[PDB]
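Peer 1: Input structure: query_12.tsv, which contains TSV, C-alpha atoms.
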chain	number	residue	atom	x	y	z
J	246	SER	CA	1.14	-3.72	-27.54
J	247	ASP	CA	3.63	-1.14	-28.87
J	248	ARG	CA	1.12	1.68	-28.65
J	249	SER	CA	0.02	0.62	-25.17
J	250	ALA	CA	3.59	0.82	-23.88
J	251	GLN	CA	3.99	4.23	-25.46
J	252	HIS	CA	0.84	5.35	-23.63
J	253	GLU	CA	2.26	4.42	-20.24
J	254	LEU	CA	5.46	6.31	-20.98
J	255	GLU	CA	3.71	9.53	-22.00
J	256	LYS	CA	1.46	9.33	-18.93
J	257	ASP	CA	4.59	9.34	-16.79
J	258	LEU	CA	6.06	12.20	-18.84
J	259	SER	CA	2.99	14.34	-18.25
J	260	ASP	CA	2.81	13.89	-14.49
J	261	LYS	CA	6.54	14.44	-14.01
J	262	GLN	CA	6.53	17.60	-16.14
J	263	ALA	CA	3.70	19.02	-14.05
J	264	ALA	CA	5.81	18.31	-10.98
J	265	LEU	CA	8.74	20.15	-12.59
J	266	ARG	CA	6.61	23.24	-13.16
J	267	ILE	CA	5.46	23.18	-9.53
J	268	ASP	CA	9.00	22.94	-8.20
J	269	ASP	CA	10.28	25.69	-10.50
J	270	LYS	CA	7.64	27.85	-8.84
J	271	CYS	CA	9.15	26.58	-5.59
J	272	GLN	CA	12.77	27.38	-6.52
J	273	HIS	CA	12.30	30.91	-7.76
J	274	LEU	CA	10.35	31.82	-4.63
J	275	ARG	CA	12.41	34.62	-3.09
J	276	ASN	CA	12.47	36.54	0.18
J	277	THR	CA	9.97	39.38	0.50
J	278	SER	CA	8.07	38.20	-2.56
J	279	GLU	CA	4.37	38.62	-3.37
J	280	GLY	CA	2.58	35.32	-2.85
J	281	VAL	CA	4.12	34.76	0.58
J	282	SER	CA	1.45	34.32	3.24
J	283	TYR	CA	1.26	33.19	6.84
J	284	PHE	CA	-0.43	29.83	6.58
J	285	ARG	CA	-0.55	28.00	9.88
J	286	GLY	CA	-1.13	24.45	11.00
J	287	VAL	CA	-0.17	22.23	8.08
J	288	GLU	CA	3.41	21.24	8.90
J	289	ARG	CA	3.08	17.89	10.66
J	290	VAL	CA	1.39	16.47	7.57
J	291	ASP	CA	2.44	13.26	5.83
J	292	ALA	CA	0.21	11.56	3.28
J	293	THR	CA	3.30	10.42	1.46
J	294	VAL	CA	4.40	7.35	-0.49
M	150	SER	CA	7.48	-0.10	13.35
M	151	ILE	CA	5.64	-3.42	13.61
M	152	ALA	CA	2.78	-2.11	11.49
M	153	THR	CA	5.14	-0.66	8.90
M	154	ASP	CA	6.84	-4.03	8.57
M	155	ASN	CA	3.43	-5.69	8.33
M	156	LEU	CA	2.35	-3.50	5.42
M	157	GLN	CA	5.75	-3.88	3.74
M	158	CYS	CA	5.72	-7.67	3.93
M	159	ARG	CA	2.11	-7.81	2.74
M	160	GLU	CA	3.06	-5.64	-0.23
M	161	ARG	CA	5.74	-8.22	-0.99
M	162	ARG	CA	3.62	-10.74	-2.90
M	163	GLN	CA	3.41	-12.54	-6.25
M	164	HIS	CA	1.56	-11.30	-9.38
M	165	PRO	CA	-1.84	-13.06	-9.42
M	166	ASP	CA	-2.60	-12.17	-5.78
M	167	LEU	CA	-2.80	-8.47	-4.90
M	168	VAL	CA	-5.93	-7.53	-2.94
M	169	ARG	CA	-7.08	-4.92	-0.46
M	170	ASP	CA	-9.65	-4.89	2.35
M	171	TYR	CA	-9.97	-3.91	6.00
M	172	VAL	CA	-6.53	-5.48	6.48
M	173	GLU	CA	-4.84	-2.65	4.61
M	174	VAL	CA	-7.56	-0.20	5.65
M	175	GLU	CA	-7.44	-1.19	9.31
M	176	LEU	CA	-3.64	-1.13	9.32
M	177	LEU	CA	-3.77	2.41	7.93
M	178	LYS	CA	-6.18	3.24	10.74
M	179	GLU	CA	-3.59	1.88	13.17
M	180	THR	CA	-0.88	4.11	11.73
M	181	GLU	CA	-3.02	7.24	11.83
M	182	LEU	CA	-4.11	6.45	15.39
M	183	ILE	CA	-0.47	6.08	16.40
M	184	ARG	CA	0.54	9.43	14.94
M	185	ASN	CA	-2.31	11.27	16.63
M	186	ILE	CA	-1.30	9.62	19.89
M	187	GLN	CA	2.23	10.97	19.68
M	188	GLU	CA	1.14	14.53	18.95
M	189	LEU	CA	-1.31	14.59	21.85
M	190	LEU	CA	1.32	13.17	24.20
M	191	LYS	CA	3.77	15.93	23.32
M	192	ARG	CA	1.24	18.68	23.91
M	193	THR	CA	0.20	17.24	27.28
M	194	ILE	CA	3.79	17.02	28.49
M	195	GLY	CA	4.31	20.65	27.49
M	196	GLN	CA	1.43	21.78	29.69
M	197	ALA	CA	2.76	19.62	32.53
M	198	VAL	CA	6.18	21.26	32.54
M	199	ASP	CA	4.67	24.76	32.50
W	93	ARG	CA	-13.96	7.97	-11.15
W	94	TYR	CA	-16.59	10.71	-10.90
W	95	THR	CA	-20.21	11.23	-11.82
W	96	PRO	CA	-21.21	14.26	-13.89
W	97	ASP	CA	-23.29	15.32	-10.89
W	98	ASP	CA	-20.85	16.60	-8.28
G	393	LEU	CA	9.65	32.48	9.32
G	394	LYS	CA	7.14	33.89	6.81
G	395	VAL	CA	9.14	32.81	3.78
G	396	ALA	CA	10.11	29.43	5.26
G	397	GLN	CA	6.49	28.46	5.84
G	398	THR	CA	5.60	29.74	2.37
G	399	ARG	CA	8.11	27.45	0.69
G	400	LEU	CA	6.89	24.53	2.81
G	401	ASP	CA	3.22	24.96	1.95
G	402	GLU	CA	2.64	24.26	-1.73
G	403	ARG	CA	4.53	21.03	-2.25
G	404	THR	CA	1.65	18.86	-1.03
G	405	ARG	CA	-0.21	19.64	-4.27
G	406	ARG	CA	2.09	17.36	-6.28
G	407	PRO	CA	0.38	14.39	-7.99
G	408	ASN	CA	0.45	10.75	-7.06
G	409	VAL	CA	3.87	9.12	-6.99
G	410	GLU	CA	6.39	11.96	-7.25
G	411	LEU	CA	5.23	13.20	-3.83
G	412	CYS	CA	8.03	12.35	-1.39
G	413	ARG	CA	9.05	12.87	2.26
G	414	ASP	CA	12.23	14.51	1.06
G	415	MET	CA	15.15	15.71	3.15
G	416	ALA	CA	13.86	19.08	2.01
G	417	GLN	CA	10.85	18.42	4.26
G	418	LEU	CA	13.19	17.21	6.99
G	419	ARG	CA	15.31	20.34	7.05
G	420	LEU	CA	12.28	22.60	6.62
G	421	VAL	CA	10.52	21.30	9.71
G	422	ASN	CA	13.80	21.52	11.62
G	423	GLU	CA	14.13	25.18	10.67
G	424	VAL	CA	10.54	25.89	11.67
G	425	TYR	CA	10.86	24.51	15.18
G	426	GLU	CA	14.35	25.91	15.77
G	427	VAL	CA	13.37	29.46	14.87
G	428	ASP	CA	10.39	29.07	17.22
G	429	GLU	CA	12.63	28.47	20.23
G	430	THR	CA	14.88	31.30	19.03
G	431	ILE	CA	11.90	33.67	19.18
G	432	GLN	CA	11.00	32.58	22.70
G	433	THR	CA	14.52	33.24	23.98
G	434	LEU	CA	14.65	36.68	22.40
G	435	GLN	CA	11.31	37.71	23.91
G	436	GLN	CA	12.59	36.70	27.34
G	437	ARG	CA	15.63	38.94	26.82
G	438	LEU	CA	13.25	41.75	25.88
G	439	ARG	CA	11.31	41.46	29.15
G	440	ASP	CA	14.66	41.59	30.95
G	441	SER	CA	15.48	44.86	29.20
E	393	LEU	CA	-0.26	56.35	28.32
E	394	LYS	CA	3.50	56.71	28.73
E	395	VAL	CA	2.97	60.42	29.18
E	396	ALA	CA	-0.07	59.74	31.36
E	397	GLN	CA	1.66	57.68	34.04
E	398	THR	CA	4.80	59.80	34.17
E	399	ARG	CA	2.45	62.78	34.44
E	400	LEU	CA	1.09	61.10	37.55
E	401	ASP	CA	4.47	60.23	39.05
E	402	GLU	CA	6.36	63.22	40.43
E	403	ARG	CA	3.29	64.35	42.33
E	404	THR	CA	4.84	62.29	45.15
E	405	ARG	CA	7.64	64.78	45.83
E	406	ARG	CA	5.37	67.21	47.63
E	407	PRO	CA	6.43	68.26	51.16
E	408	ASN	CA	4.85	67.57	54.48
E	409	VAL	CA	1.30	68.93	54.48
E	410	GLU	CA	0.00	70.09	51.08
E	411	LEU	CA	0.39	66.55	49.75
E	412	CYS	CA	-3.33	65.88	49.33
E	413	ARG	CA	-5.85	63.63	47.66
E	414	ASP	CA	-7.43	65.44	44.72
E	415	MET	CA	-9.78	64.80	41.83
E	416	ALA	CA	-6.63	64.69	39.68
E	417	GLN	CA	-5.39	61.35	41.05
E	418	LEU	CA	-8.87	59.80	40.93
E	419	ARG	CA	-9.26	60.86	37.32
E	420	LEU	CA	-5.70	59.67	36.70
E	421	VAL	CA	-6.31	56.12	37.85
E	422	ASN	CA	-9.58	56.17	35.90
E	423	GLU	CA	-7.79	57.06	32.67
E	424	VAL	CA	-5.07	54.49	33.38
E	425	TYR	CA	-7.57	51.66	33.75
E	426	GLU	CA	-9.58	52.70	30.71
E	427	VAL	CA	-6.57	53.02	28.42
E	428	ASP	CA	-5.54	49.52	29.54
E	429	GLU	CA	-8.89	47.98	28.63
E	430	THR	CA	-8.74	49.95	25.35
E	431	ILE	CA	-5.41	48.36	24.46
E	432	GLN	CA	-6.61	44.83	25.19
E	433	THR	CA	-9.73	45.31	23.06
E	434	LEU	CA	-7.58	46.49	20.17
E	435	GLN	CA	-5.45	43.35	20.57
E	436	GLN	CA	-8.64	41.31	20.26
E	437	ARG	CA	-9.30	43.05	16.95
E	438	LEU	CA	-5.76	42.16	15.90
E	439	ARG	CA	-6.38	38.45	16.44
E	440	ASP	CA	-9.60	38.62	14.45
E	441	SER	CA	-7.78	40.31	11.56
F	23	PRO	CA	-21.38	-3.73	-22.11
F	24	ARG	CA	-18.66	-4.26	-19.49
F	25	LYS	CA	-18.18	-0.51	-19.96
F	26	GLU	CA	-21.57	0.33	-18.48
F	27	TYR	CA	-21.08	-1.99	-15.51
F	28	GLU	CA	-17.61	-0.67	-14.69
F	29	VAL	CA	-18.97	2.87	-14.88
F	30	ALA	CA	-21.79	1.86	-12.53
F	31	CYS	CA	-19.46	0.17	-10.05
F	32	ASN	CA	-16.77	2.88	-9.97
F	33	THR	CA	-18.36	6.33	-9.82
F	34	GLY	CA	-18.70	7.56	-6.24
F	35	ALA	CA	-16.76	9.58	-3.69
F	36	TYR	CA	-15.55	6.21	-2.40
F	37	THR	CA	-12.57	4.33	-3.77
F	38	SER	CA	-11.64	3.59	-7.36
F	39	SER	CA	-10.06	0.71	-9.22
F	40	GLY	CA	-8.34	2.17	-12.25
F	41	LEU	CA	-10.06	-0.10	-14.76
F	42	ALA	CA	-8.90	1.99	-17.70
F	43	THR	CA	-10.31	2.18	-21.21
F	44	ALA	CA	-7.50	0.18	-22.82
F	45	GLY	CA	-3.81	-0.57	-22.39
F	46	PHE	CA	-2.16	-2.15	-19.39
F	47	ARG	CA	-4.26	-1.84	-16.24
F	48	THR	CA	-3.18	-1.46	-12.63
F	49	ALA	CA	-1.60	-4.49	-10.98
F	50	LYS	CA	-3.61	-4.07	-7.77
T	1	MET	CA	7.63	60.18	57.39
T	2	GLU	CA	7.62	58.63	53.89
T	3	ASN	CA	9.21	55.27	53.13
T	4	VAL	CA	6.38	53.13	51.71
T	5	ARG	CA	7.37	54.90	48.50
T	6	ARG	CA	10.82	53.34	48.61
T	7	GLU	CA	9.12	50.10	49.69
T	8	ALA	CA	7.08	50.03	46.48
T	9	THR	CA	9.49	47.38	45.14
T	10	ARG	CA	7.10	44.48	45.68
T	11	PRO	CA	3.46	44.99	44.65
T	12	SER	CA	1.23	44.27	47.63
T	13	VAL	CA	-1.82	43.51	45.49
T	14	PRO	CA	-1.11	45.14	42.14
T	15	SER	CA	-0.65	43.12	38.97
T	16	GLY	CA	-2.20	45.48	36.44
T	17	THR	CA	-1.44	45.83	32.75
T	18	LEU	CA	1.89	45.93	30.93
T	19	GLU	CA	3.07	47.26	27.62
T	20	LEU	CA	3.87	45.23	24.52
T	21	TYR	CA	4.19	45.49	20.76
T	22	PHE	CA	5.25	41.88	20.20
T	23	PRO	CA	2.25	39.60	20.78
T	24	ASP	CA	3.32	36.83	18.38
T	25	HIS	CA	1.70	34.06	20.43
T	26	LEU	CA	3.27	30.63	20.18
T	27	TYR	CA	2.53	29.29	16.71
T	28	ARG	CA	0.34	26.48	18.10
T	29	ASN	CA	-3.27	26.85	19.27
T	30	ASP	CA	-5.27	23.66	19.88
T	31	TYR	CA	-5.12	20.55	17.69
T	32	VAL	CA	-6.50	19.22	14.42
T	33	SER	CA	-7.31	15.59	13.61
T	34	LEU	CA	-4.95	14.64	10.79
T	35	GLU	CA	-5.69	12.00	8.17
T	36	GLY	CA	-3.61	9.39	6.41
T	37	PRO	CA	-2.36	8.66	2.89
T	38	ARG	CA	-4.89	8.09	0.15
T	39	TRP	CA	-4.05	4.69	-1.37
T	40	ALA	CA	-1.49	2.25	0.04
T	41	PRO	CA	2.31	2.47	0.26
T	42	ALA	CA	4.58	1.21	-2.52
T	43	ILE	CA	8.22	0.28	-1.99
T	44	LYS	CA	10.29	-2.05	-4.13
T	45	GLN	CA	10.12	-5.04	-6.49
T	46	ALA	CA	12.48	-7.83	-7.56
T	47	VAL	CA	10.82	-9.41	-10.64
T	48	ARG	CA	7.52	-8.72	-12.38
T	49	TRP	CA	4.91	-10.44	-14.52
T	50	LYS	CA	3.74	-9.93	-18.09
T	51	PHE	CA	1.42	-10.87	-20.89
T	52	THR	CA	3.38	-9.93	-23.96
H	250	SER	CA	6.40	54.19	59.69
H	251	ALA	CA	6.20	51.57	56.94
H	252	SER	CA	3.02	49.50	57.36
H	253	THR	CA	-0.25	49.05	59.26
H	254	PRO	CA	-1.65	45.85	60.80
H	255	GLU	CA	-4.64	45.30	58.52
H	256	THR	CA	-2.60	45.99	55.38
H	257	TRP	CA	0.07	43.52	56.49
H	258	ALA	CA	-2.63	40.95	57.23
H	259	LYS	CA	-4.18	41.38	53.78
H	260	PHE	CA	-0.74	41.02	52.21
H	261	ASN	CA	-0.39	37.64	53.88
H	262	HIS	CA	-3.96	36.65	53.05
H	263	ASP	CA	-3.54	37.36	49.33
H	264	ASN	CA	-0.36	35.32	49.14
H	265	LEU	CA	-2.00	32.37	50.89
H	266	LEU	CA	-5.00	32.34	48.55
H	267	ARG	CA	-2.73	32.51	45.50
H	268	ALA	CA	-0.90	29.37	46.60
H	269	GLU	CA	-4.20	27.61	47.26
H	270	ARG	CA	-5.56	28.28	43.77
H	271	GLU	CA	-2.41	27.04	42.08
H	272	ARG	CA	-2.57	23.78	44.05
H	273	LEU	CA	-6.18	23.23	42.98
H	274	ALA	CA	-5.29	23.79	39.32
H	275	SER	CA	-2.45	21.27	39.57
H	276	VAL	CA	-4.79	18.60	40.93
H	277	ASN	CA	-7.28	19.15	38.12
H	278	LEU	CA	-4.66	18.86	35.38
H	279	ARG	CA	-3.33	15.68	36.99
H	280	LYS	CA	-6.70	13.94	36.84
H	281	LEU	CA	-7.26	14.99	33.23
H	282	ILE	CA	-3.89	13.60	32.15
H	283	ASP	CA	-4.57	10.26	33.85
H	284	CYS	CA	-7.90	9.79	32.09
H	285	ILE	CA	-6.40	10.61	28.69
H	286	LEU	CA	-3.68	8.01	29.20
H	287	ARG	CA	-6.26	5.33	30.01
H	288	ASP	CA	-8.45	6.06	27.00
H	289	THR	CA	-5.49	6.07	24.60
H	290	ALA	CA	-4.35	2.64	25.74
H	291	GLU	CA	-7.79	1.04	25.54
H	292	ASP	CA	-8.65	2.30	22.06
H	293	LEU	CA	-5.35	1.18	20.55
H	294	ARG	CA	-5.91	-2.23	22.15
H	295	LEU	CA	-9.33	-2.63	20.52
H	296	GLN	CA	-8.07	-1.56	17.11
H	297	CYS	CA	-5.34	-4.20	17.21
H	298	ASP	CA	-7.81	-6.91	18.26
C	55	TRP	CA	38.19	29.46	54.11
C	56	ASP	CA	35.32	27.02	54.57
C	57	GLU	CA	33.44	28.83	51.80
C	58	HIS	CA	36.45	28.58	49.48
C	59	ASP	CA	36.91	24.84	49.94
C	60	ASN	CA	33.23	24.19	49.25
C	61	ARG	CA	33.54	26.14	46.01
C	62	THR	CA	36.48	23.98	44.93
C	63	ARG	CA	34.49	20.82	45.69
C	64	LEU	CA	31.68	21.85	43.39
C	65	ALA	CA	34.23	22.68	40.70
C	66	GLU	CA	35.62	19.15	40.66
C	67	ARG	CA	32.15	17.59	40.67
C	68	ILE	CA	31.06	19.55	37.60
C	69	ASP	CA	34.26	18.73	35.71
C	70	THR	CA	33.83	14.98	36.18
C	71	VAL	CA	30.19	15.01	35.12
C	72	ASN	CA	31.19	16.95	31.99
C	73	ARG	CA	33.68	14.36	30.80
C	74	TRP	CA	31.21	11.54	31.42
C	75	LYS	CA	28.77	13.56	29.31
C	76	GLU	CA	31.02	13.73	26.28
C	77	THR	CA	31.78	9.99	26.38
C	78	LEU	CA	28.07	9.17	26.50
C	79	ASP	CA	27.44	11.45	23.53
C	80	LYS	CA	30.01	9.76	21.31
C	81	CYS	CA	28.57	6.35	22.20
C	82	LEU	CA	25.11	7.50	21.10
C	83	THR	CA	26.50	8.69	17.76
C	84	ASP	CA	27.95	5.25	17.08
C	85	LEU	CA	24.56	3.82	18.04
C	86	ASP	CA	22.89	5.71	15.22
C	87	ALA	CA	25.54	4.68	12.70
C	88	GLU	CA	25.25	0.97	13.43
C	89	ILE	CA	21.45	1.07	13.48
C	90	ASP	CA	21.34	2.61	10.02
C	91	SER	CA	23.75	0.03	8.60
C	92	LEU	CA	21.79	-2.86	10.11
C	93	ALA	CA	18.69	-1.50	8.43
C	94	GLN	CA	20.44	-1.43	5.05
C	95	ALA	CA	21.60	-5.02	5.36
C	96	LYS	CA	18.08	-6.08	6.30
C	97	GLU	CA	16.42	-4.65	3.20
C	98	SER	CA	19.16	-6.02	0.94
C	99	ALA	CA	18.70	-9.54	2.29
C	100	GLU	CA	14.96	-9.06	1.85
C	101	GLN	CA	15.06	-8.56	-1.89
C	102	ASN	CA	17.66	-11.31	-2.11
C	103	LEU	CA	14.92	-13.55	-0.73
C	104	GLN	CA	12.34	-11.94	-3.02
C	105	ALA	CA	14.16	-13.09	-6.15
C	106	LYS	CA	14.27	-16.70	-4.92
C	107	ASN	CA	11.04	-17.92	-6.59
C	108	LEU	CA	11.83	-17.49	-10.29
Would you kindly transcribe this structure into structure tokens?

Peer 2:
Amino acid sequence: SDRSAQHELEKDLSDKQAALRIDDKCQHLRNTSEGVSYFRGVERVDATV
Amino acid sequence: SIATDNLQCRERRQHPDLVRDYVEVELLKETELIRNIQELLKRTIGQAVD
Amino acid sequence: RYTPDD
Amino acid sequence: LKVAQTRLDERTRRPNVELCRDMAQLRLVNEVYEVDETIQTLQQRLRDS
Amino acid sequence: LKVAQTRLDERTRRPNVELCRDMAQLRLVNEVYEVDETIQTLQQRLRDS
Amino acid sequence: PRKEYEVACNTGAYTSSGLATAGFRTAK
Amino acid sequence: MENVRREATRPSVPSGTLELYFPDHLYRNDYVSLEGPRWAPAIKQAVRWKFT
Amino acid sequence: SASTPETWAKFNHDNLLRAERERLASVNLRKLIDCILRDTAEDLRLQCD
Amino acid sequence: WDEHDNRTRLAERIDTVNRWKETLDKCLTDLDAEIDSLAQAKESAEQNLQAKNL
């Protein structure tokens, strides 16, 4: 049972840390940068829980 | 709002009963239908005013 | 959740 | 507008539960629409000129 | 086409008699219409890009 | 045994019950 | 002998073609059928259940 | 001298036809909107049933 | 003089409609506040019920 509980905790650690990396990429996005692109359409989008 | 409350209350349930069928699926269909309805309404009213 | 196929 | 869209785009890639309808999304969509009406007004002024 | 239409304009200062239809004006309206359709085609290319 | 049948039942582009290998499984 | 030229204020027929370098059409063009959230919503719990 | 009878007539004729076309377009859009309203209501009804 | 008096009439009309406007706006703001608070109380009572089986 101990090891099972550990497993759940590290699963959560992994997914959250991936999210952190994504939002660091978000943060350091800066005006007149490279990857900026006109994408159009997907604003009114909510598949969110 | 009624559908959101329906799904919320259904989520509220005790441990040994937690199941999923059309009920959840069909309610999700309701929600999606509703959202599409609003967007189409807004576009139509825009054309009307022009 | 996936086959090898796809 | 370019950069604002850019920052909006990526965040739908986030995995299962950490995806949220954050006030970030709120303010972002507000900015998008508002700058749209701003553009329309300015173009009307241009025609006037 | 700026220079084209202004080039056409001041022809309408001419005094009483020598004011005359000429191949110039015919050719002038021809070039006006064709530069217009040129511009719209190039806009079409812009949308495709 | 059960392993083969769970693989058979949960493989397609349709839905998926997270019947994991071991450890606590999903409440749904 | 010439005043139609001053009366050119209102185009009898002409509409013609104008001059722009700012097309920037309104960001919207037609619609797209959206789709909902994979899996079902999750909100809040009071007490939970366990096998120890 | 400022105008000639046929030109003045054609002036009037053009304006009339313009108004007529706009009225036709309005009628068409009205009917389309009505039908969309009806279909929306019925489909949501069936889904709830 | 007739023109002038008509102008003054329209002035007073617009002033009155303006003040009615601002009162209506403040009422709507309070509407939002109370609606939000009612929501909060509702959810709180809900989990209070939820715990009542243990």

Peer 1: Need the shell around stretch 294-296 of chain H: protein/DNA/RNA residues with any atom at most 8 Å away, counting all atoms listed in the file. Skip same-chain ones fewer than 3 positions apart. Format as a PDB file with C-alpha atoms, keeping the file's coordinate frame?

Peer 2:
ATOM      1  CA  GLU M 175      -7.440  -1.190   9.310  1.00  0.00           C
ATOM      2  CA  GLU M 179      -3.590   1.880  13.170  1.00  0.00           C
TER       3      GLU M 179
ATOM      4  CA  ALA H 290      -4.350   2.640  25.740  1.00  0.00           C
ATOM      5  CA  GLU H 291      -7.790   1.040  25.540  1.00  0.00           C
TER       6      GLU H 291
END

Peer 1: Least-squares align chain G to chain E using all Cα atoms paired by position, then dump the moved coordinates as an mmCIF file with C-alpha atoms, in the coordinates of the input.

Peer 2:
data_model
loop_
_atom_site.group_PDB
_atom_site.id
_atom_site.type_symbol
_atom_site.label_atom_id
_atom_site.label_comp_id
_atom_site.auth_asym_id
_atom_site.auth_seq_id
_atom_site.Cartn_x
_atom_site.Cartn_y
_atom_site.Cartn_z
ATOM 1 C CA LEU G 393 -0.236 55.975 28.297
ATOM 2 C CA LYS G 394 3.436 57.006 28.505
ATOM 3 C CA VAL G 395 2.662 60.659 29.141
ATOM 4 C CA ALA G 396 -0.241 59.935 31.508
ATOM 5 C CA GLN G 397 1.929 57.821 33.788
ATOM 6 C CA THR G 398 4.674 60.448 33.597
ATOM 7 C CA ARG G 399 2.385 63.185 34.876
ATOM 8 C CA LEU G 400 1.140 60.877 37.638
ATOM 9 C CA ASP G 401 4.587 59.958 38.930
ATOM 10 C CA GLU G 402 6.291 63.002 40.413
ATOM 11 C CA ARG G 403 3.578 64.469 42.596
ATOM 12 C CA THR G 404 4.358 62.175 45.533
ATOM 13 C CA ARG G 405 7.545 64.180 46.154
ATOM 14 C CA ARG G 406 5.566 67.115 47.567
ATOM 15 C CA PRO G 407 6.309 67.996 51.220
ATOM 16 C CA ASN G 408 4.231 67.365 54.286
ATOM 17 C CA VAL G 409 0.779 68.928 54.302
ATOM 18 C CA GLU G 410 0.176 70.174 50.757
ATOM 19 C CA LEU G 411 0.194 66.547 49.562
ATOM 20 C CA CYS G 412 -3.426 65.684 48.744
ATOM 21 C CA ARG G 413 -5.544 62.874 47.243
ATOM 22 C CA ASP G 414 -6.806 65.311 44.652
ATOM 23 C CA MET G 415 -9.454 64.721 42.011
ATOM 24 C CA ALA G 416 -6.447 64.997 39.730
ATOM 25 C CA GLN G 417 -5.326 61.659 41.200
ATOM 26 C CA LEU G 418 -8.868 60.346 40.847
ATOM 27 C CA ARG G 419 -9.162 61.112 37.157
ATOM 28 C CA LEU G 420 -5.583 60.018 36.475
ATOM 29 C CA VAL G 421 -6.089 56.528 37.854
ATOM 30 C CA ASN G 422 -9.383 56.306 35.968
ATOM 31 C CA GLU G 423 -7.602 57.136 32.721
ATOM 32 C CA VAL G 424 -4.882 54.585 33.418
ATOM 33 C CA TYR G 425 -7.240 51.669 33.930
ATOM 34 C CA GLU G 426 -9.612 52.663 31.124
ATOM 35 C CA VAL G 427 -6.870 52.859 28.513
ATOM 36 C CA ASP G 428 -5.694 49.433 29.712
ATOM 37 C CA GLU G 429 -9.003 47.797 28.809
ATOM 38 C CA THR G 430 -8.999 49.758 25.543
ATOM 39 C CA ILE G 431 -5.656 48.165 24.645
ATOM 40 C CA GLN G 432 -6.928 44.673 25.405
ATOM 41 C CA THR G 433 -9.947 45.101 23.132
ATOM 42 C CA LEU G 434 -7.840 46.410 20.270
ATOM 43 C CA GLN G 435 -5.390 43.505 20.492
ATOM 44 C CA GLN G 436 -8.304 41.078 20.285
ATOM 45 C CA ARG G 437 -9.475 42.818 17.103
ATOM 46 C CA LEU G 438 -5.945 42.448 15.744
ATOM 47 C CA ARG G 439 -5.934 38.671 16.266
ATOM 48 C CA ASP G 440 -9.277 38.582 14.450
ATOM 49 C CA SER G 441 -7.717 40.364 11.480
#

Peer 1: Go through chain H and flag each residue having an atom no more than 10 Å from chain T; for those, report the closest pair of atoms plus their distance in Å to one decimal, using all atoms listed in the file, ordered by chain and rising number, as a Markdown table.

Peer 2:
| residue | atom | partner | partner_atom | distance |
| --- | --- | --- | --- | --- |
| H:250 | CA | T:1 | CA | 6.5 |
| H:251 | CA | T:4 | CA | 5.5 |
| H:252 | CA | T:4 | CA | 7.5 |
| H:256 | CA | T:12 | CA | 8.8 |
| H:257 | CA | T:12 | CA | 9.0 |
| H:259 | CA | T:12 | CA | 8.7 |
| H:260 | CA | T:12 | CA | 6.0 |
| H:261 | CA | T:12 | CA | 9.3 |
| H:263 | CA | T:13 | CA | 7.5 |
| H:264 | CA | T:13 | CA | 9.1 |

Peer 1: Could you write out that same residue set with C-alpha atoms as a PDB file, in the frame of the given file?

Peer 2:
ATOM      1  CA  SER H 250       6.400  54.190  59.690  1.00  0.00           C
ATOM      2  CA  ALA H 251       6.200  51.570  56.940  1.00  0.00           C
ATOM      3  CA  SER H 252       3.020  49.500  57.360  1.00  0.00           C
ATOM      4  CA  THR H 256      -2.600  45.990  55.380  1.00  0.00           C
ATOM      5  CA  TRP H 257       0.070  43.520  56.490  1.00  0.00           C
ATOM      6  CA  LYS H 259      -4.180  41.380  53.780  1.00  0.00           C
ATOM      7  CA  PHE H 260      -0.740  41.020  52.210  1.00  0.00           C
ATOM      8  CA  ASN H 261      -0.390  37.640  53.880  1.00  0.00           C
ATOM      9  CA  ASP H 263      -3.540  37.360  49.330  1.00  0.00           C
ATOM     10  CA  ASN H 264      -0.360  35.320  49.140  1.00  0.00           C
TER      11      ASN H 264
END

Peer 1: For residue E:396, work out the shell of residues within 10 Å, counting only C-alpha atoms and skipping chain neighbours fewer than 2 positions away, then give it as JSON, numbers by chain.

Peer 2: {"E": [393, 394, 398, 399, 400, 401, 420, 421, 423, 424, 427]}

Peer 1: Write out, as CSV, each residue of chain M that has an atom at most 9 Å from chain T, together with the closest pair of atoms and their distance in Å to one decimal, counting only C-alpha atoms, rows going by chain and rising number.

Peer 2:
residue,atom,partner,partner_atom,distance
M:156,CA,T:41,CA,7.9
M:157,CA,T:43,CA,7.5
M:160,CA,T:42,CA,7.4
M:161,CA,T:45,CA,7.7
M:163,CA,T:48,CA,8.3
M:164,CA,T:49,CA,6.2
M:165,CA,T:49,CA,8.9
M:173,CA,T:40,CA,7.5
M:174,CA,T:40,CA,8.6
M:177,CA,T:36,CA,7.1
M:178,CA,T:36,CA,7.9
M:180,CA,T:36,CA,8.0
M:181,CA,T:36,CA,5.9
M:184,CA,T:34,CA,8.6
M:185,CA,T:34,CA,7.2
M:188,CA,T:31,CA,8.8
M:189,CA,T:31,CA,8.2

Peer 1: Determine, for each residue of chain M having at least one atom at most 9 Å from an atom of chain H, the closest pair of atoms and their separation in Å to one decimal, counting only C-alpha atoms; order by chain and ascending number, as a tab-separated table.

Peer 2:
residue	atom	partner	partner_atom	distance
M:175	CA	H:296	CA	7.8
M:176	CA	H:297	CA	8.6
M:178	CA	H:296	CA	8.2
M:179	CA	H:296	CA	6.9
M:182	CA	H:293	CA	7.5
M:183	CA	H:293	CA	8.1
M:186	CA	H:289	CA	7.2
M:190	CA	H:286	CA	8.8
M:193	CA	H:282	CA	7.3
M:196	CA	H:278	CA	8.8
M:197	CA	H:278	CA	8.0

Peer 1: Residues of chain F that have any atom at most 12 Å from an atom of chain M: could you tabulate them with the shortest-distance atom pair and the distance in Å to one decimal, using all atoms listed in the file, ordered by chain and increasing number, as a Markdown table?

Peer 2:
| residue | atom | partner | partner_atom | distance |
| --- | --- | --- | --- | --- |
| F:37 | CA | M:169 | CA | 11.3 |
| F:38 | CA | M:169 | CA | 11.9 |
| F:39 | CA | M:169 | CA | 10.8 |
| F:48 | CA | M:167 | CA | 10.4 |
| F:49 | CA | M:167 | CA | 7.4 |
| F:50 | CA | M:167 | CA | 5.3 |
